[PDB]
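Engineer: If it helps, the file is called my_file_16.pdb and holds PDB, C-alpha atoms (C1' of nucleotides):
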ATOM      1  CA  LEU A  27      25.056  58.735  75.001  1.00  0.00           C
ATOM      2  CA  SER A  28      26.791  61.439  77.024  1.00  0.00           C
ATOM      3  CA  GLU A  29      29.972  61.738  79.048  1.00  0.00           C
ATOM      4  CA  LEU A  30      28.228  62.245  82.400  1.00  0.00           C
ATOM      5  CA  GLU A  31      26.359  58.937  82.234  1.00  0.00           C
ATOM      6  CA  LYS A  32      29.671  57.102  81.819  1.00  0.00           C
ATOM      7  CA  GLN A  33      31.310  58.269  85.048  1.00  0.00           C
ATOM      8  CA  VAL A  34      28.079  58.235  87.055  1.00  0.00           C
ATOM      9  CA  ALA A  35      27.577  54.626  85.932  1.00  0.00           C
ATOM     10  CA  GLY A  36      31.158  53.893  86.933  1.00  0.00           C
ATOM     11  CA  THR A  37      30.375  55.238  90.390  1.00  0.00           C
ATOM     12  CA  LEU A  38      27.192  53.147  90.400  1.00  0.00           C
ATOM     13  CA  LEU A  39      29.241  50.007  89.787  1.00  0.00           C
ATOM     14  CA  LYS A  40      31.631  51.134  92.531  1.00  0.00           C
ATOM     15  CA  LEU A  41      28.822  51.463  95.102  1.00  0.00           C
ATOM     16  CA  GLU A  42      27.541  47.917  95.589  1.00  0.00           C
ATOM     17  CA  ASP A  43      30.872  46.410  96.657  1.00  0.00           C
ATOM     18  CA  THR A  54      21.246  45.877  88.094  1.00  0.00           C
ATOM     19  CA  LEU A  55      19.325  49.148  87.858  1.00  0.00           C
ATOM     20  CA  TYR A  56      19.841  51.558  84.967  1.00  0.00           C
ATOM     21  CA  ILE A  57      18.721  55.119  84.238  1.00  0.00           C
ATOM     22  CA  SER A  58      17.090  56.544  81.126  1.00  0.00           C
ATOM     23  CA  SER A  59      18.770  59.940  80.696  1.00  0.00           C
ATOM     24  CA  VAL A  60      20.200  62.946  82.533  1.00  0.00           C
ATOM     25  CA  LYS A  61      19.576  66.700  82.382  1.00  0.00           C
ATOM     26  CA  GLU A  62      21.640  69.450  84.024  1.00  0.00           C
ATOM     27  CA  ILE A  63      20.452  73.014  84.636  1.00  0.00           C
ATOM     28  CA  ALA A  64      22.376  75.924  86.120  1.00  0.00           C
ATOM     29  CA  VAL A  65      21.273  78.148  89.000  1.00  0.00           C
ATOM     30  CA  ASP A  66      22.077  81.752  89.928  1.00  0.00           C
ATOM     31  CA  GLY A  67      25.333  80.495  91.401  1.00  0.00           C
ATOM     32  CA  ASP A  68      27.935  78.640  89.378  1.00  0.00           C
ATOM     33  CA  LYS A  69      26.650  75.382  90.879  1.00  0.00           C
ATOM     34  CA  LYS A  70      24.352  73.400  88.596  1.00  0.00           C
ATOM     35  CA  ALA A  71      21.850  70.652  89.337  1.00  0.00           C
ATOM     36  CA  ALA A  72      21.657  67.348  87.472  1.00  0.00           C
ATOM     37  CA  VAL A  73      18.368  65.465  87.141  1.00  0.00           C
ATOM     38  CA  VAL A  74      18.242  61.727  86.465  1.00  0.00           C
ATOM     39  CA  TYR A  75      15.272  60.610  84.353  1.00  0.00           C
ATOM     40  CA  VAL A  76      14.718  57.189  85.900  1.00  0.00           C
ATOM     41  CA  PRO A  77      12.256  54.814  84.194  1.00  0.00           C
ATOM     42  CA  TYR A  78       8.896  54.923  85.934  1.00  0.00           C
ATOM     43  CA  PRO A  79       8.655  51.306  87.204  1.00  0.00           C
ATOM     44  CA  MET A  80      12.092  51.330  88.878  1.00  0.00           C
ATOM     45  CA  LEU A  81      11.490  54.608  90.727  1.00  0.00           C
ATOM     46  CA  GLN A  82      10.468  52.851  93.935  1.00  0.00           C
ATOM     47  CA  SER A  83      13.466  50.512  93.802  1.00  0.00           C
ATOM     48  CA  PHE A  84      15.713  53.544  93.355  1.00  0.00           C
ATOM     49  CA  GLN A  85      13.838  55.286  96.185  1.00  0.00           C
ATOM     50  CA  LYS A  86      14.530  52.720  98.919  1.00  0.00           C
ATOM     51  CA  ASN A  87      17.788  54.492  99.827  1.00  0.00           C
ATOM     52  CA  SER A  88      18.045  57.301  97.284  1.00  0.00           C
ATOM     53  CA  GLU A  89      19.507  59.691  99.873  1.00  0.00           C
ATOM     54  CA  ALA A  90      22.600  57.528 100.322  1.00  0.00           C
ATOM     55  CA  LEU A  91      23.066  57.226  96.563  1.00  0.00           C
ATOM     56  CA  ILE A  92      22.741  60.979  96.020  1.00  0.00           C
ATOM     57  CA  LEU A  93      25.202  61.738  98.822  1.00  0.00           C
ATOM     58  CA  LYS A  94      27.769  59.230  97.548  1.00  0.00           C
ATOM     59  CA  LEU A  95      27.359  60.595  94.022  1.00  0.00           C
ATOM     60  CA  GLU A  96      27.778  64.175  95.238  1.00  0.00           C
ATOM     61  CA  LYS A  97      30.977  63.259  97.067  1.00  0.00           C
ATOM     62  CA  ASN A  98      32.302  61.210  94.133  1.00  0.00           C
ATOM     63  CA  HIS A  99      31.664  63.887  91.478  1.00  0.00           C
ATOM     64  CA  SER A 100      31.264  67.466  92.691  1.00  0.00           C
ATOM     65  CA  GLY A 101      30.421  70.536  90.609  1.00  0.00           C
ATOM     66  CA  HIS A 102      26.628  70.157  90.638  1.00  0.00           C
ATOM     67  CA  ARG A 103      23.858  68.546  92.682  1.00  0.00           C
ATOM     68  CA  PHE A 104      22.294  65.225  91.706  1.00  0.00           C
ATOM     69  CA  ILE A 105      18.504  64.837  91.676  1.00  0.00           C
ATOM     70  CA  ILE A 106      16.586  61.661  90.796  1.00  0.00           C
ATOM     71  CA  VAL A 107      13.097  61.701  89.264  1.00  0.00           C
ATOM     72  CA  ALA A 108      10.879  59.505  87.110  1.00  0.00           C
ATOM     73  CA  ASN A 109       9.756  60.311  83.575  1.00  0.00           C
ATOM     74  CA  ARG A 110       5.993  60.615  83.085  1.00  0.00           C
ATOM     75  CA  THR A 111       4.087  61.239  79.864  1.00  0.00           C
ATOM     76  CA  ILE A 112       1.361  63.840  79.329  1.00  0.00           C
ATOM     77  CA  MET A 113      -1.530  63.410  76.894  1.00  0.00           C
ATOM     78  CA  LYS A 114      -3.453  66.427  75.604  1.00  0.00           C
ATOM     79  CA  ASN A 115      -6.964  65.077  74.978  1.00  0.00           C
ATOM     80  CA  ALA A 116      -9.333  63.592  77.548  1.00  0.00           C
ATOM     81  CA  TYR A 117     -11.123  61.571  74.871  1.00  0.00           C
ATOM     82  CA  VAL A 118     -10.124  60.357  71.419  1.00  0.00           C
ATOM     83  CA  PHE A 119     -12.648  60.221  68.576  1.00  0.00           C
ATOM     84  CA  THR A 120     -11.516  57.510  66.181  1.00  0.00           C
ATOM     85  CA  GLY A 121     -15.027  57.694  64.712  1.00  0.00           C
ATOM     86  CA  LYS A 122     -15.930  54.184  65.912  1.00  0.00           C
ATOM     87  CA  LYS A 123     -15.180  54.143  69.650  1.00  0.00           C
ATOM     88  CA  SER A 124     -14.139  56.863  72.084  1.00  0.00           C
ATOM     89  CA  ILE A 125     -10.923  56.370  74.058  1.00  0.00           C
ATOM     90  CA  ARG A 126     -10.646  57.790  77.582  1.00  0.00           C
ATOM     91  CA  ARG A 127      -7.348  59.226  78.758  1.00  0.00           C
ATOM     92  CA  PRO A 128      -6.475  57.888  82.229  1.00  0.00           C
ATOM     93  CA  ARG A 129      -6.413  60.536  84.933  1.00  0.00           C
ATOM     94  CA  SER A 130      -2.773  59.802  85.801  1.00  0.00           C
ATOM     95  CA  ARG A 131      -1.670  61.336  82.477  1.00  0.00           C
ATOM     96  CA  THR A 132      -3.117  64.808  83.060  1.00  0.00           C
ATOM     97  CA  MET A 133      -0.992  67.935  83.302  1.00  0.00           C
ATOM     98  CA  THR A 134      -1.885  68.716  86.918  1.00  0.00           C
ATOM     99  CA  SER A 135      -1.171  65.262  88.341  1.00  0.00           C
ATOM    100  CA  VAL A 136       2.264  65.039  86.723  1.00  0.00           C
ATOM    101  CA  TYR A 137       3.399  68.405  88.086  1.00  0.00           C
ATOM    102  CA  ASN A 138       2.315  67.554  91.636  1.00  0.00           C
ATOM    103  CA  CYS A 139       3.999  64.150  91.445  1.00  0.00           C
ATOM    104  CA  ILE A 140       7.162  65.854  90.185  1.00  0.00           C
ATOM    105  CA  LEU A 141       7.037  68.230  93.139  1.00  0.00           C
ATOM    106  CA  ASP A 142       6.676  65.359  95.599  1.00  0.00           C
ATOM    107  CA  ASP A 143       9.476  63.402  93.901  1.00  0.00           C
ATOM    108  CA  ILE A 144      11.994  66.275  93.755  1.00  0.00           C
ATOM    109  CA  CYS A 145      12.158  66.082  97.556  1.00  0.00           C
ATOM    110  CA  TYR A 146      10.579  62.779  98.556  1.00  0.00           C
ATOM    111  CA  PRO A 147      12.456  62.162 101.845  1.00  0.00           C
ATOM    112  CA  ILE A 148      10.995  65.414 103.201  1.00  0.00           C
ATOM    113  CA  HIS A 149       7.213  65.363 102.853  1.00  0.00           C
ATOM    114  CA  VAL A 150       5.341  68.467 101.733  1.00  0.00           C
ATOM    115  CA  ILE A 151       2.779  69.549 104.336  1.00  0.00           C
ATOM    116  CA  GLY A 152       1.014  72.137 102.183  1.00  0.00           C
ATOM    117  CA  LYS A 153       0.816  74.155  98.977  1.00  0.00           C
ATOM    118  CA  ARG A 154      -0.399  77.704  98.467  1.00  0.00           C
ATOM    119  CA  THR A 155      -0.647  79.883  95.372  1.00  0.00           C
ATOM    120  CA  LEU A 156      -0.623  83.650  95.832  1.00  0.00           C
ATOM    121  CA  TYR A 157      -2.087  86.178  93.397  1.00  0.00           C
ATOM    122  CA  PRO A 158      -0.306  89.535  93.737  1.00  0.00           C
ATOM    123  CA  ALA A 159      -1.773  92.671  92.223  1.00  0.00           C
ATOM    124  CA  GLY A 160       0.564  92.708  89.227  1.00  0.00           C
ATOM    125  CA  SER A 161       3.361  90.224  89.817  1.00  0.00           C
ATOM    126  CA  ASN A 162       3.085  86.941  87.963  1.00  0.00           C
ATOM    127  CA  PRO A 163       1.181  84.542  90.256  1.00  0.00           C
ATOM    128  CA  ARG A 164       3.482  82.224  92.172  1.00  0.00           C
ATOM    129  CA  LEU A 165       3.260  79.254  94.520  1.00  0.00           C
ATOM    130  CA  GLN A 166       4.792  78.676  97.947  1.00  0.00           C
ATOM    131  CA  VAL A 167       5.024  75.265  99.580  1.00  0.00           C
ATOM    132  CA  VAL A 168       5.254  74.374 103.266  1.00  0.00           C
ATOM    133  CA  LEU A 169       7.822  72.089 104.882  1.00  0.00           C
ATOM    134  CA  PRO A 170       8.337  70.816 108.439  1.00  0.00           C
ATOM    135  CA  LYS A 171      10.442  72.797 110.873  1.00  0.00           C
ATOM    136  CA  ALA A 172      12.007  69.514 112.018  1.00  0.00           C
ATOM    137  CA  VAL A 173      14.185  69.743 108.890  1.00  0.00           C
ATOM    138  CA  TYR A 174      15.567  73.057 107.662  1.00  0.00           C
ATOM    139  CA  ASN A 175      19.348  73.352 107.464  1.00  0.00           C
ATOM    140  CA  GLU A 176      19.274  69.921 105.817  1.00  0.00           C
ATOM    141  CA  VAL A 177      17.347  71.409 102.877  1.00  0.00           C
ATOM    142  CA  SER A 178      17.797  75.152 103.448  1.00  0.00           C
ATOM    143  CA  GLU A 179      20.934  75.251 101.290  1.00  0.00           C
ATOM    144  CA  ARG A 180      19.175  73.463  98.401  1.00  0.00           C
ATOM    145  CA  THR A 181      15.873  75.340  98.115  1.00  0.00           C
ATOM    146  CA  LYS A 182      17.147  77.568  95.300  1.00  0.00           C
ATOM    147  CA  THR A 183      18.061  74.526  93.219  1.00  0.00           C
ATOM    148  CA  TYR A 184      14.637  73.017  93.920  1.00  0.00           C
ATOM    149  CA  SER A 185      12.919  76.177  92.692  1.00  0.00           C
ATOM    150  CA  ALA A 186      15.156  76.345  89.625  1.00  0.00           C
ATOM    151  CA  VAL A 187      14.488  72.732  88.640  1.00  0.00           C
ATOM    152  CA  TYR A 188      10.752  73.156  89.192  1.00  0.00           C
ATOM    153  CA  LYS A 189      10.763  76.194  86.912  1.00  0.00           C
ATOM    154  CA  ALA A 190      12.848  74.336  84.321  1.00  0.00           C
ATOM    155  CA  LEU A 191      10.640  71.241  84.181  1.00  0.00           C
ATOM    156  CA  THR A 192       7.407  73.162  84.793  1.00  0.00           C
ATOM    157  CA  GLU A 193       7.049  76.726  83.552  1.00  0.00           C
ATOM    158  CA  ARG A 194       5.343  77.465  86.874  1.00  0.00           C
ATOM    159  CA  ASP A 195       7.565  79.156  89.457  1.00  0.00           C
ATOM    160  CA  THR A 196       7.667  78.676  93.212  1.00  0.00           C
ATOM    161  CA  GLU A 197       9.292  79.639  96.497  1.00  0.00           C
ATOM    162  CA  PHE A 198      10.033  77.654  99.646  1.00  0.00           C
ATOM    163  CA  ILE A 199       9.184  78.291 103.300  1.00  0.00           C
ATOM    164  CA  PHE A 200       9.061  76.297 106.524  1.00  0.00           C
ATOM    165  CA  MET A 201       6.228  75.779 109.001  1.00  0.00           C
TER     166      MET A 201
ATOM    167  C1'   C B   1     -31.842  98.292  57.077  1.00  0.00           C
ATOM    168  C1'   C B   2     -36.213  95.651  59.007  1.00  0.00           C
ATOM    169  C1'   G B   3     -41.386  89.548  58.507  1.00  0.00           C
ATOM    170  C1'   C B   4     -36.392  83.492  59.932  1.00  0.00           C
ATOM    171  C1'   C B   5     -37.072  78.939  66.407  1.00  0.00           C
ATOM    172  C1'   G B   6     -34.480  76.224  59.529  1.00  0.00           C
ATOM    173  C1'   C B   7     -28.652  76.237  56.206  1.00  0.00           C
ATOM    174  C1'   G B   8     -22.933  77.247  56.283  1.00  0.00           C
ATOM    175  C1'   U B   9     -18.130  79.169  58.662  1.00  0.00           C
ATOM    176  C1'   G B  10     -15.569  80.343  63.114  1.00  0.00           C
ATOM    177  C1'   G B  11     -15.085  80.755  68.430  1.00  0.00           C
ATOM    178  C1'   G B  12     -15.273  77.289  72.061  1.00  0.00           C
ATOM    179  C1'   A B  13     -15.276  80.291  78.025  1.00  0.00           C
ATOM    180  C1'   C B  14     -20.194  78.707  80.227  1.00  0.00           C
ATOM    181  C1'   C B  15     -23.957  74.545  79.700  1.00  0.00           C
ATOM    182  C1'   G B  16     -24.485  68.567  79.722  1.00  0.00           C
ATOM    183  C1'   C B  17     -23.224  63.654  77.370  1.00  0.00           C
ATOM    184  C1'   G B  18     -19.082  60.110  75.511  1.00  0.00           C
ATOM    185  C1'   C B  19     -19.536  51.711  78.553  1.00  0.00           C
ATOM    186  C1'   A B  20     -16.673  48.621  74.800  1.00  0.00           C
ATOM    187  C1'   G B  21      -7.341  49.575  75.146  1.00  0.00           C
ATOM    188  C1'   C B  22      -3.757  51.610  71.650  1.00  0.00           C
ATOM    189  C1'   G B  23       0.660  50.834  68.143  1.00  0.00           C
ATOM    190  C1'   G B  24       2.665  47.887  64.081  1.00  0.00           C
ATOM    191  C1'   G B  25       3.261  43.146  60.115  1.00  0.00           C
ATOM    192  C1'   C B  26       0.117  39.653  56.685  1.00  0.00           C
ATOM    193  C1'   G B  27      -2.888  43.627  53.866  1.00  0.00           C
ATOM    194  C1'   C B  28      -4.168  45.611  47.649  1.00  0.00           C
ATOM    195  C1'   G B  29      -4.851  53.118  47.378  1.00  0.00           C
ATOM    196  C1'   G B  30      -8.123  53.586  51.426  1.00  0.00           C
ATOM    197  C1'   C B  31     -11.972  51.466  55.031  1.00  0.00           C
ATOM    198  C1'   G B  32     -13.425  46.853  56.871  1.00  0.00           C
ATOM    199  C1'   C B  33     -13.598  41.348  58.928  1.00  0.00           C
ATOM    200  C1'   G B  34      -9.657  38.344  60.871  1.00  0.00           C
ATOM    201  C1'   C B  35      -4.480  36.047  61.838  1.00  0.00           C
ATOM    202  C1'   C B  36       0.086  37.407  64.111  1.00  0.00           C
ATOM    203  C1'   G B  37       5.539  39.676  69.042  1.00  0.00           C
ATOM    204  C1'   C B  38       3.885  41.800  73.247  1.00  0.00           C
ATOM    205  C1'   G B  39       9.108  42.574  70.739  1.00  0.00           C
ATOM    206  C1'   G B  40       6.465  48.862  70.525  1.00  0.00           C
ATOM    207  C1'   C B  41       2.956  52.093  75.671  1.00  0.00           C
ATOM    208  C1'   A B  42       4.478  54.569  82.583  1.00  0.00           C
ATOM    209  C1'   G B  43      -0.856  49.873  78.900  1.00  0.00           C
ATOM    210  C1'   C B  44      -5.854  50.484  81.663  1.00  0.00           C
ATOM    211  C1'   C B  45      -8.679  53.679  89.553  1.00  0.00           C
ATOM    212  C1'   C B  46      -8.316  62.438  90.524  1.00  0.00           C
ATOM    213  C1'   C B  47      -9.464  63.220  95.399  1.00  0.00           C
ATOM    214  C1'   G B  48     -12.702  61.333  99.067  1.00  0.00           C
ATOM    215  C1'   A B  49     -17.252  67.691  99.547  1.00  0.00           C
ATOM    216  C1'   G B  50     -18.337  71.643 107.806  1.00  0.00           C
ATOM    217  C1'   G B  51     -23.418  66.484 100.692  1.00  0.00           C
ATOM    218  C1'   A B  52     -25.649  61.822 101.523  1.00  0.00           C
ATOM    219  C1'   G B  53     -25.933  56.765 103.161  1.00  0.00           C
ATOM    220  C1'   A B  54     -23.861  52.209 105.916  1.00  0.00           C
ATOM    221  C1'   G B  55     -20.668  50.552 110.321  1.00  0.00           C
ATOM    222  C1'   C B  56     -18.266  50.272 115.512  1.00  0.00           C
ATOM    223  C1'   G B  57     -18.324  52.202 120.879  1.00  0.00           C
ATOM    224  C1'   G B  58     -20.705  55.369 124.520  1.00  0.00           C
ATOM    225  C1'   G B  59     -24.073  56.796 127.417  1.00  0.00           C
ATOM    226  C1'   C B  60     -29.248  59.892 126.947  1.00  0.00           C
ATOM    227  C1'   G B  61     -34.553  60.351 127.030  1.00  0.00           C
ATOM    228  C1'   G B  62     -42.871  61.243 130.598  1.00  0.00           C
ATOM    229  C1'   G B  63     -40.210  58.049 122.600  1.00  0.00           C
ATOM    230  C1'   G B  64     -43.545  53.181 121.072  1.00  0.00           C
ATOM    231  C1'   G B  65     -46.089  48.126 121.746  1.00  0.00           C
ATOM    232  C1'   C B  66     -47.214  43.603 124.926  1.00  0.00           C
ATOM    233  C1'   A B  67     -48.118  41.123 129.607  1.00  0.00           C
ATOM    234  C1'   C B  68     -47.907  41.910 134.946  1.00  0.00           C
ATOM    235  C1'   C B  69     -48.854  45.029 138.957  1.00  0.00           C
ATOM    236  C1'   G B  70     -49.425  48.708 144.063  1.00  0.00           C
ATOM    237  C1'   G B  71     -51.907  52.854 146.216  1.00  0.00           C
ATOM    238  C1'   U B  72     -55.038  55.812 148.563  1.00  0.00           C
ATOM    239  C1'   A B  73     -59.669  58.428 146.991  1.00  0.00           C
ATOM    240  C1'   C B  74     -65.277  58.722 144.863  1.00  0.00           C
ATOM    241  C1'   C B  75     -69.337  55.069 145.073  1.00  0.00           C
ATOM    242  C1'   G B  76     -72.252  50.812 147.084  1.00  0.00           C
ATOM    243  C1'   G B  77     -73.016  47.024 150.946  1.00  0.00           C
ATOM    244  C1'   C B  78     -72.299  44.899 155.779  1.00  0.00           C
ATOM    245  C1'   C B  79     -70.704  44.199 161.633  1.00  0.00           C
ATOM    246  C1'   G B  80     -70.543  47.526 165.896  1.00  0.00           C
TER     247        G B  80
END
Go ahead and express the file in the form of structure tokens.

Structural biologist:
Amino acid sequence: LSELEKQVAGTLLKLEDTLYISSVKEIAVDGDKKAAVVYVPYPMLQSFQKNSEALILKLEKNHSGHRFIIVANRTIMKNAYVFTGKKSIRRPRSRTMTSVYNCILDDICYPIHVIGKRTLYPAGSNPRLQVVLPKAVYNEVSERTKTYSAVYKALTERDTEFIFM
RNA sequence: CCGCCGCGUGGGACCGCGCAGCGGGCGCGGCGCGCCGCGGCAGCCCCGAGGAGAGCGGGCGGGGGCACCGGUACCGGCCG
């Protein structure tokens, strides 16, 4: 129940000539441009991912003022086992904190595959992570690395920086 | 203050175990044993160790066992 969903859904209906989204979150960057995330339901992520690049481009052209990102919504449980007193319940490994963050990272920029991750530990600076991307693509995603870092920090408290190799 | 391998509280990093879905209504204050929509859940597999094992292809080798088999030489005998 927000204004943005209404016009983005209007655009959605204006694309084809079935699939619905859960919610939307926008976050600003250092520049006046913001980035909007779409919390897609988990099962329909792959169906949205067949040609997500086209959808994001058409949405950007339809409604400017901020970039459109599409991601799934995953839950996190905070206990490996559960002691009901009678039987012990195992938490599946897919619901851990670490798996969700990595999947989020891969989803933020699915069309361009990540070729490596590295975390650096400076002497005093808060430890930070730098990823590695192909040189085949750069100017395609060079202009939108700051937004990627900002959204990663927003969703995950962990920070990051982007490079190419 | 000092003879405790036992008792209680907390911490919970390190050290090792946790196979058998959950949520709600019938359902009594609670806990059980059952009946009900799956109609509430992202329902239900870390990765795959310059650890180990199995598999395919390649050649490599006085590696092993069985049968068969040639060559002079030592020895003995015989013709001259």

Engineer: Quick one, how far is CA of residue 169 (chain A) from CA of residue 192 (chain A)?

Structural biologist: 20.1 Å

Engineer: Using the chain letters and numbers from this file, what does the PyMOL selection byres ((chain B) within 8 of (chain A)) select? Give the answer as a ChimeraX atom specification.

Structural biologist: /B:18,20-21,42,44,46

Engineer: Those residues you just picked out, can you put them in a file as a PDB file, in the frame of the given file with C-alpha atoms (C1' of nucleotides)?

Structural biologist:
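Generated output (selection_11.pdb):
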ATOM      1  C1'   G B  18     -19.082  60.110  75.511  1.00  0.00           C
ATOM      2  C1'   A B  20     -16.673  48.621  74.800  1.00  0.00           C
ATOM      3  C1'   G B  21      -7.341  49.575  75.146  1.00  0.00           C
ATOM      4  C1'   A B  42       4.478  54.569  82.583  1.00  0.00           C
ATOM      5  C1'   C B  44      -5.854  50.484  81.663  1.00  0.00           C
ATOM      6  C1'   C B  46      -8.316  62.438  90.524  1.00  0.00           C
TER       7        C B  46
END

Engineer: I'd like the interatomic distance between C1' of residue 48 (chain B) and CA of residue 150 (chain A), to a tenth of an Å.

Structural biologist: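 Rounded to one decimal, the two atoms are 19.6 Å apart.
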
Engineer: Counting only C-alpha atoms (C1' of nucleotides), what is within 12 Å of residue 25 (chain B), bar same-chain residues fewer than 6 positions away, as a list in words?

Structural biologist: residues 35, 36 and 37 of chain B

Engineer: Counting only C-alpha atoms (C1' of nucleotides), what is within 10 Å of residue 199 (chain A), bar same-chain residues fewer than 3 positions away, as a ChimeraX atom specification?

Structural biologist: /A:166-171,174,178,181

Engineer: Please write as a ChimeraX atom specification the full residue list that the PyMOL selection byres ((chain B and resi 40) around 12) yields on this file.

Structural biologist: /B:22-24,37-39,41,43

Engineer: Would you mind reading off the distance between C1' of residue 45 (chain B) and CA of residue 147 (chain A), one decimal, in Å?

Structural biologist: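 Atom-to-atom, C1' of residue 45 (chain B) to CA of residue 147 (chain A), that is 25.9 Å.
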
Engineer: Name all residues at most 7 Å from residue 164 (chain A) (count all atoms listed in the file; drop same-chain ones fewer than 5 positions away) and give them as a list in words.

Structural biologist: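 Here the answer would be residues 155, 156, 157, 195 and 196 of chain A.
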
Engineer: I'd like to know which of A:160, A:39, A:146, A:64 is closest to residue 87 (chain A), using all atoms listed in the file.

Structural biologist: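 Smallest separation from residue 87 (chain A) among the options: A:146.
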
Engineer: Specify as a VMD selection string each residue included when the PyMOL selection byres ((chain A and resi 101-105) around 6) is applied to this file.

Structural biologist: chain A and resid 69 to 73 100 106

Engineer: Have a look at A:37, A:120, A:59, A:115 and name the one nearest to residue 92 (chain A); count only C-alpha atoms.

Structural biologist: A:37

Engineer: Edge lengths and centre, in Å to one decimal, as JSON: that's what I need for the box along x, y and z that holds all listed atoms of region 62-70 of chain B plus 8 Å on each side.

Structural biologist:
{"center_x": -44.8, "center_y": 51.2, "center_z": 132.6, "size_x": 25.2, "size_y": 36.1, "size_z": 39.0}
